[PDB]
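What follows is a short report on a single structure.
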Amino acid sequence: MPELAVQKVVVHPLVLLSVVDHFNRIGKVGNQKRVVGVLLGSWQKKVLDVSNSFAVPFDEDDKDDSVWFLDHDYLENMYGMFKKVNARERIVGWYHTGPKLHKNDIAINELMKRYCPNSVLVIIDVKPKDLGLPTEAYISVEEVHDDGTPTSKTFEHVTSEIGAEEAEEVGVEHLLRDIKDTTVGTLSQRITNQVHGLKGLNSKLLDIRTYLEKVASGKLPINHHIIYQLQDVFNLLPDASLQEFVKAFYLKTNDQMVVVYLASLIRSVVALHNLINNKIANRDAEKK
Amino acid sequence: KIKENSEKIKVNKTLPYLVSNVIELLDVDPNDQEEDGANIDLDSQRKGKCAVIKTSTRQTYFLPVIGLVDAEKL
Amino acid sequence: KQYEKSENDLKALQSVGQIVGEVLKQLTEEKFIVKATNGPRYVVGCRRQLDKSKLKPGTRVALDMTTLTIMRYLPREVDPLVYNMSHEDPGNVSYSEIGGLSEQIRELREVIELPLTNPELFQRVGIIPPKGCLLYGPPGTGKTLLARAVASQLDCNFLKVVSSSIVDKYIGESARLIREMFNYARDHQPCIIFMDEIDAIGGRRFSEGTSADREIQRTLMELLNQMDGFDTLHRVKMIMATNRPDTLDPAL
Amino acid sequence: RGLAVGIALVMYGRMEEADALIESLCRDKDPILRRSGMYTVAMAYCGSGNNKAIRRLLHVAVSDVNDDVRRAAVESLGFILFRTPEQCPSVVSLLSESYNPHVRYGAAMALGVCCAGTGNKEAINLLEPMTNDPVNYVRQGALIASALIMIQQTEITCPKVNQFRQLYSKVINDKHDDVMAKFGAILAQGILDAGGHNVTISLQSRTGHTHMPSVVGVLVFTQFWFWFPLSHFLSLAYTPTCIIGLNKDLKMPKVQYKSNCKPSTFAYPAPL
Amino acid sequence: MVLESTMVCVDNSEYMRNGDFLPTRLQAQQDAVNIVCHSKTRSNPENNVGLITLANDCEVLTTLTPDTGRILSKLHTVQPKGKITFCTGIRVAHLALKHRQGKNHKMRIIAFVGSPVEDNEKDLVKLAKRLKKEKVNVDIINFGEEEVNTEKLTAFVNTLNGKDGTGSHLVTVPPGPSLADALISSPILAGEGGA
Amino acid sequence: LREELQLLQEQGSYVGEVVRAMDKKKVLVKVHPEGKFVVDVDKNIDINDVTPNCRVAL
Amino acid sequence: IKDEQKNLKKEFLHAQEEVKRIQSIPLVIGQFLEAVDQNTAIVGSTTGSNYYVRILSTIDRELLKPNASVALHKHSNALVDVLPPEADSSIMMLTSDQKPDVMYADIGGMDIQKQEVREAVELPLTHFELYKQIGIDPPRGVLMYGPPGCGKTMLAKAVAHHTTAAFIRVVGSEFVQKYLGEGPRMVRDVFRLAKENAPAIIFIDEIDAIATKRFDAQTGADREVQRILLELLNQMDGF
Amino acid sequence: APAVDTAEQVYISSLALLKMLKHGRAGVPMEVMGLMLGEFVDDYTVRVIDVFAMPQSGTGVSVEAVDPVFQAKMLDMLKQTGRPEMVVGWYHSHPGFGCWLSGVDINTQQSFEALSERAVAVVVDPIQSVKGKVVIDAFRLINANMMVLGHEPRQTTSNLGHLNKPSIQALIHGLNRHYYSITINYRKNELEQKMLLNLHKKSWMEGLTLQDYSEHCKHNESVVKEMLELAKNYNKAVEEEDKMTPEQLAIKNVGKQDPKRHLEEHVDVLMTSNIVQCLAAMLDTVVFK
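Chains as they are written, first to last, in UniProt numbering: chain A, 1 to 146, 153 to 294; chain B, 75 to 148; chain C, 52 to 303; chain D, 546 to 817; chain E, 1 to 195; chain F, 59 to 116; chain G, 61 to 299; chain H, 22 to 310.
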C-alpha cells in the first residue's frame, strides 16, 4: 500500500480545530498516552484535502514502540457513515498529538496500512507551539546513512498549507474576536508577515544549534543525512546585495492636499469676516 | 404517509394549474440519476422518470414526472 | 406509486420547479451565462460535483429558479413536432410503384443513397455532393411518391414533414422548426429529410404582405443558410416535392 | 451573569486594588469572564474619577469586535466620571456611532447613571435619537435611561414625560410585538412615577461623596436582557428625599426648613 | 458469561503448530475458540470478544463484537519465526479492554498459551502486580508451559483469586495427546468473576 | 450597508410614463411592455408636479 | 478611538460578507440604459421590460455610463453589481467554429470586385492607421447589392475564412425569439461584442424577414419584427 | 400555565459552527440537514457539543431525510470514546430560501418539537441567505390558532431582536411569529482561537522568501510606466475633484477612469512590495554571510 502520495497537505480549519476539542472530551486520553484519530477528506490523490477529523480510542505506550492498542472497528464504520454524506470523504490518515516528531510513530504507521493505504503523519498538537500552526505534515521517506543501520525509515517534512470553504471561512471569522493577524495583503499586513518570518527564522536556528553541542559531548544518535545538509548552508554563503527603491507616495499625498485645501482656503476668507455676524445667527438657530 | 410527504407538493397541486405538452419523453431509472465526480464524488442529477416540458405560455420548464403515470406513456 | 410521485416531485419543489435553459456562452466552466427558454438571461453557477465538461454552448441545462446554480444537465434542443416526424414512418411506400419510370429514379439516387454509406465516393471526383432534390413533374406523376419510395427501400431514418405545420402564429417559432428539422436529422445521420409541398414554406419577396406572409419569408430565409450557406449537410439530403414550382422565392 | 455583578459589590472603595482583578478577568479565556471584569472597576472606583480605571475598559472594547464587551465597557465609564458628570456625553457619543447597536444600548445606560440625581442638557439630546430608532433594544436603553435623570420632578415641567406617556400606552396594549421595546417603555414609566415622586436614585450623596445604596441597586438593574427579576434591585437604590427630625426624648421634633420650591410651579403629578 | 468484555489472545509461535494435539494445533485451537466463545454467548448473550495476538509485535485484528469468524481465521495461519512474549499481550489486553463498543462490562482476559514462556522470573512477578491492582484477571488454558518448561502461572492464579473481583484459573492440559479441542471437560468455557 | 439589503429587496419595479394626469387624484400610466393602469398618486410625485409624457418610475 | 477605528474596520469586513450574498447567484442580467442619479437608475432587463432600480453602494458611472451589460439580483430586480461589455455577448466571434465551405477557388473572376472588397473589408482590420491616414474616413458599413446567386455573400464568406477571426456571423432569424420582448435585447449584446473588440465585422446572411418596409402591426407576431428593425437602426449609429 | 415555553439561546461550540457551515455549503443547492448532539444545561441553554450530517439528497429536510442507519452508527462510535450525549435538536440549510423556516421544513420541525420542547430547527448559512454574515437563528413554528390562545408570546420573550429581510415582508411575518431572531453566542476559550488564527507553520519560511531580483526590479519598472500615463489626466483634475456625484465629475475633472484612484492603487502595491523584498534579502545576507 502507498505511503508516497503526499507532497501537499491542505487542511481545513475544521480538522485543526477538531483535535483541540477531542483532547478534553475523550476523557483526557493523552499526556503520557496519545489519542490518534482518523482524518476524513480526499485520498487516493497527491494533494490531500482534509475535510474533517474525529477521535479514535488509542492508548499509547511511547517508550516501547511495539505496544499499543488502536480501535480496529472505528475506521471502517466511521468511513461508511461519512461516505454517503460526501463521497470525497475517505480516510486520509491519522493525527499525532506531538509534542514533536518521534520514532514511536514509525511502529504505529505499519498497522494503519492494512485498514486503508494511508501512512500520512500529521502532527497536530493541542499545546501551542510555533508562532504559526503547531501542525506539521510528514511523509515517510527511506534514506541510507553510514552511521547506523543501512536503509532507515524516517520522516521528511512535506509542505503544509491551509484551505477552507467559503461559508466555513466566514465562520472562522465569527468565532474570533478578530479577523486574522496576517494574510499578506495590503501595506499593513505585509510588514507583519516580515517580522513574523524574522522571529520564525531565529526559532529555526536554535533547534539545530542546541543539538550539535549535544552530539559534540553527551552523545545523541546521528544520521549522515542531517549532518551533511547543515554543512551546506555555510558553503553556499551569499554573494553581493543590491537594488530596490521607491519614493512614489509623496506626490499622491501632495496633490491630494491642494484638492481638499481648495475648499478650505475659500472657507477661510469668508469665515473670518463672518465671525461677529455668525454669533447672532448661531444663537438664533440654536434657540429653536 | 403518502399524503403527509406529498403535503408540500399538494398545496401547489391544487388550483390554479396550467396545461402543457411534451417536448421529449425521457425514460431513465425510476429514482436518482447518475453521480458526477470532482469535489464530493456524488449526485447532482437526481432525475427519476422525467419530461422536458414546454408550456403553452411560451416558457420552458424542466420537471421530474410523477411515478403514477410515467414518462414512457407520454 | 403515489409515494413515488411525492419523492420525485420533492426534488423540483426545492427549486420551485426547475427551468430549462441553455448556455448562451461559456465565459468559464464554473460560472456560465445562460439564456432561459422561459425568457431572461442570467449569470449562473455550477456544482462543485457536476462534471464541468458536460455543460457546453450547444447543450441545455436546468437551473434552480430560486438560486440559479446549474442543478443538472439536460439533453440537446428539440421541438416536439420534429421528434414525432422522425420516430414514425406510416404508410411505408413500395419502390415498385414509381418504377418503370426507372431512369429518372437513378438521377435522384446519386444524391440520396451514395453519400449516406460514404461521402468518399463524391470526394474522389473532387467536388462536394449536391444538396436539395427538386422533384417536379406534370400533375399526378409521382413526385411526392419518389421521395418516399427511395427512403423506404434504403431504411435510413426518415423525417416526413408537413410544411403547413412548420408555420404557426407565434413568431420565430417558425424560425425554430426549420433549423430544428435539420439539427435532429444531423444527430441521427445517415438521414433523409422530406418536406412535401415546399410551396407552403416558400414565400415571395413581400413587404406588402399580411401576417401569414410575414411568417413565410422567415422560414424561407432560415432554409437557405442551413442548406447551402456557411453551414453544410454532411449526409442529410433534402427532398422537395412540388406540383408546380412558381410560388417559391427567387433566391430558392 | 449573577457572579459577574457579584464580585463588584464587595470591592467598594478599593480604588487601585480593583485594577489587578479586572485585568485578570479580561485576560481569561471565556468571553463571559471578560464582562465580569467591567463590573469590578465600576463599583470600586466610585467616590473618585481617576485615569487608571477608564483606560482598561476601553482596552477591552477595541481589541474585540464582540458585542457584549463593548456595550459593557461603556456603562462602567459613566459611573467613574459622575464626579465630573459633564465629561460623560462627549466620550459616550464616539462609541455609539459604531456598527453594533449593542454598544448603543450601553451608551444609553452610561448616561443615565451619571446623570441620575441631576443631569445636563447634552445627556438628554444624546439619548433622544435612540428612542426614535426602530431597533428594539437601542430604543429600550433610551427610554429607561431618560427616566432616571428626570426622577422626582413634575410631569408638566418636562415635555419628554408627556410624549413618553403616549408611547407607553400603545406599546403595552399590543400583545404580539417584541419584548425589549415594551420593557423599555414600562421600566421608564415606573421609575418616573417612583414613590409617587418622592424617591430618587442619586448619582452621589448629598453629604458630599457617593451614595452606596444607589450604586449597588442600579448596577445589577442594568441587566434584565436575560432573566427579568434583577430589575427589582432598584428598591435598594432608592434614596428618600426629605429630612427627618429626631431628638433626646426619641420624638421627632418639628423641623421647618427652607426649600427652593413654590407650590405655584410644582404640584403633584399623575401619569397618563 | 454476563456483562464481560473479553480479549482472546491467540498464541502464534513456532511451538503452536505441532502434532501435539491432533491433527495439528492450528486446527485443534480453531475448534477450542468456537467452544469458549459460544459457551460464554450461550450463558447469556450480552458478552463480546476481541482478538489480539499475544506473541511479538501486537496487532489488534478486532475490538469487541460477538463474532467467532475472526478467531477461527487468525489461528490457522502462524508465523514460523514467531515465539511468545507474554508481557506485550497482557499490556495490550488491558489497554484495549478499557475502550469498548458495548461499554458497561467488566474486564477479563482469556489467553491461549501453546508455548513455553520466553520471559524471565522478574517479568512474571511484575505482570502479576499490574493485573492485581487493575483487578483484571487472565484465565489461562496452559499446555505450552508444559512443553519443556515449568508452570510459572500456577502461583499467580492462586494469589489473584479472592482479592480481585475477577477470577483467574489454571487449566491444565497434559503435554502430548489429551485433546485440546474438547474443552467441555476442563472448564474455561466461560470466565467466572470473583465478585 | 445593513439597511441596503432591506431597501434592495423589494417586490420589484416597473417603468411606465404618464399618458394623462386626472383631477381625481389618480394618474394614467402606461407601463411599457404591459397595458395601461389607473393608480392613486404617491407622496413624492402627484398631478401638480407632473406633466404628461414624462417618464415616471414605479 | 484610533484603535476603535481599527475594530470598526474588522466589523466592516464581516458586514461586507452580507452584501456579498446578494452580489452572488441568483442573478439576472440587464443592460444599463443610463443613470438618472446615484441612488436609483433606469435600467432595461433582458426581458424587454424596463425597471427603475437601486444601486448597491453607489457604483461609479464610468464604463457603466454608456450601454453595457449589468448584473441585477433576480428576486428583487435590484442593480447589485456591474459587468463589463464583453460578458454575456450572445454568440462568440464566429467563423472559427462555423467557417464556410468557400474560398476564392469558387470565384477567380469578377476581378474589379475582388480588388475592391480586399481593400475595403480586409485592410482596415489589419491597419486602421493606414486606412484612416490615406483620406478615406474611419470604417463604416458596406451594402452589397445584386440579383440572386451573384456572390454578394460569397466575397464576404471568402475573406472571413482566410482571416479566421474579426468576423461575427449572425443569422437574421436569431434576432427573433418565441417569447416576446427578448427579440430586440439579443440584437444589442451581439452588436456590442463587435464594439468592445474593435475592429470586428457583423455579417448578416440574408437581411430580409426583418428588413420589411411594411409591418402589419396589429398582432403580437408583426409587432416583434417591427421591434427588431427599430433596434437595428439605432444600433447602426452606435457602432 | 405552569408551562416553560420560551426562546432558547443556542450555545454553539467552535467545532459545531465550522462543521455546520461546511455541510451547508457542500450541500448547495439541495437542502441538506443533520442532527445536533449535545447536553442541556441551565434552563434555556441548549449546547451543541457536536454534529453530524444526514446525506445530501433532493428529498432532504423532510422526515424522510433522517435515516436510523446513520444515526445509530454515529452514536455507537461515541461510546467507545466514552461520550454520553442526548439529541438536543436538529440543524439544516435551505439554499433556496433565507434564514427562516420554509414549508418543507415544517413537518420535521414538528416531530422533533413534540419529542423535545427543547429541540429547535436551526437554519445555517449556505450562500443564499441575503442577510448572511453567518447569522444563525433557531426557531420553532406554531400556527395562527395557537397565537390567539396566547401560546405565541411566550416563545418570543427573553431574546434580543434584530431585523432581517432577505425575502420580503412574508418572511418577516413568519420571523416575528416564531421567536424573532434569537441571540447566538459561541463558547470558546483562548487556546482554540489561536489554532484557527494562523494559516500555517510555513509562514516562518515564507515571510522571508523572495523571488528573483530581476523580477523585483521589473515590478518597479512596470508601475512607473503605468503612473506616467495617468499623470496627464491628474493635471486637469486638480482644479476641483472634490465634488459629489461621479456622473457630474465625468466631464469636469475627468471622473471617467478617475486618475486619483488609479495613481493611489499603483503607489500602494509598489510601496509594500519593494520594501519587503529589499528587507528580506538584505537581512538574510547579513545572518548567512
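Positions of the beta carbon are idealized from the N, C-alpha and C atoms, including for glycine.
At a cut-off of 7 angstroms between beta-carbon atoms, H/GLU268 makes contact with chain G. Against chain A, the CB of G/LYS70 has a partner CB under 7 angstroms away; the residue lies at that interface. The alpha-carbon of C/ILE222 is positioned some 13 angstroms away from that of C/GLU273. For G/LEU116, the chain F residues whose Cβ falls inside 7 angstroms of its Cβ are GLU62, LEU66, in order along the chain. Residue environment analysis places H/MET98 among the buried positions, since at least 16 neighbouring C-beta atoms fall within 10 angstroms of its C-beta. Cβ contact annotation for A/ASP146 (same chain, cutoff 6 angstroms, sequence separation greater than five): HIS230, in chain order. When rounded, the separation of the alpha-carbon atoms in E/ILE188 and A/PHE58 is 29 angstroms.
Beta-bridge partners of G/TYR112 (DSSP): G/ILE102. Inter-segment contact for the stretch 18 to 32 of chain E and the stretch 87 to 102 of chain E is absent: fewer than three beta-carbon pairs are separated by less than 8 angstroms. Scanning chain H for C-beta atoms nearer than 9 angstroms to the C-beta of D/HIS721 yields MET168, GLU173, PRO174, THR177, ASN197, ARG198, reported in chain order. Burial of H/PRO267 is indicated by the presence of at least 16 other C-beta atoms within 10 angstroms of its C-beta.
For A/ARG25, no chain D residue has a Cβ inside 8 angstroms of its Cβ, as the nearest lies near 17 angstroms away. Runs of the alpha helix (DSSP H) lying entirely within the stretch 73 to 119 of chain E, each at least 4 residues long, are 86 to 97 in chain order.
A contact is defined here as three or more CB-CB pairs under 8 angstroms, and the stretch 248 to 256 of chain H fails this definition with respect to the stretch 71 to 80 of chain H. With a cut-off of 8 angstroms on Cβ pairs, the stretch 677 to 685 of chain D is in contact with the stretch 724 to 737 of chain D, counting three or more such pairs. By the C-beta density criterion, G/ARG252 is buried, having at least 16 other C-beta atoms within 10 angstroms. Interface annotation for the UniProt domain "MPN" (9 to 144) of chain A against chain B: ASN86, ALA87, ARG88, criterion Cβ-Cβ distance under 7 angstroms. At least 7 angstroms separates the beta-carbon of G/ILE262 from that of G/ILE288. Taking 8 angstroms as the upper bound for CB-CB distance, C/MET289 and C/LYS182 are in contact here, some 7 angstroms apart.
With respect to H/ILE203, H/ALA159 sits close: the two C-beta atoms are nearer than 7 angstroms. Taking a beta-carbon distance threshold of 7 angstroms, H/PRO50 counts as an interface residue toward chain C. Along the length of the stretch 240 to 278 of chain G, whole beta strand (DSSP E) runs at least 3 residues long occupy 261 to 264, reported in chain order. The Cβ-Cβ distance between D/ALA587 and D/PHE624 falls below 7 angstroms.
Taking CB atoms only, G/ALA138 has a neighbour in chain F less than 7 angstroms away.
Burial of D/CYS633 is indicated by the presence of at least 16 other C-beta atoms within 10 angstroms of its C-beta. Contact between the stretch 39 to 47 of chain H and the stretch 171 to 181 of chain A is established, with three or more Cβ pairs separated by less than 8 angstroms. By the 16-neighbour rule on beta-carbons within 10 angstroms, E/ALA55 is buried. If you check the CB distance, G/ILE89 and G/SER136 do not come in under 7 angstroms. Under a criterion of Cβ atoms nearer than 7 angstroms, the residues of chain H adjacent to D/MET725 are, in order, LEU181, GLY182.
According to the DSSP assignment, H/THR102 belongs to the alpha helix (DSSP H) that extends over 89 to 102. Within chain H, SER224, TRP225, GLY228 have C-beta atoms less than 8 angstroms from the C-beta of A/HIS202, given in sequence order.
With fewer than 16 neighbouring CB atoms inside 10 Å of its own CB, G/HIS222 falls in the exposed class. Contact of G/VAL113 with chain F is assigned, a C-beta pair being separated by under 7 angstroms. For A/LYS210, the enclosing alpha helix (DSSP H) covers residues 193 to 222.
Inclusion of D/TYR584 and D/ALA606 in the CB contact set at 7 angstroms is not warranted, their separation being larger than that value. One thing to note: C/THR270 has its Cβ within 7 angstroms of the Cβ of C/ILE229.
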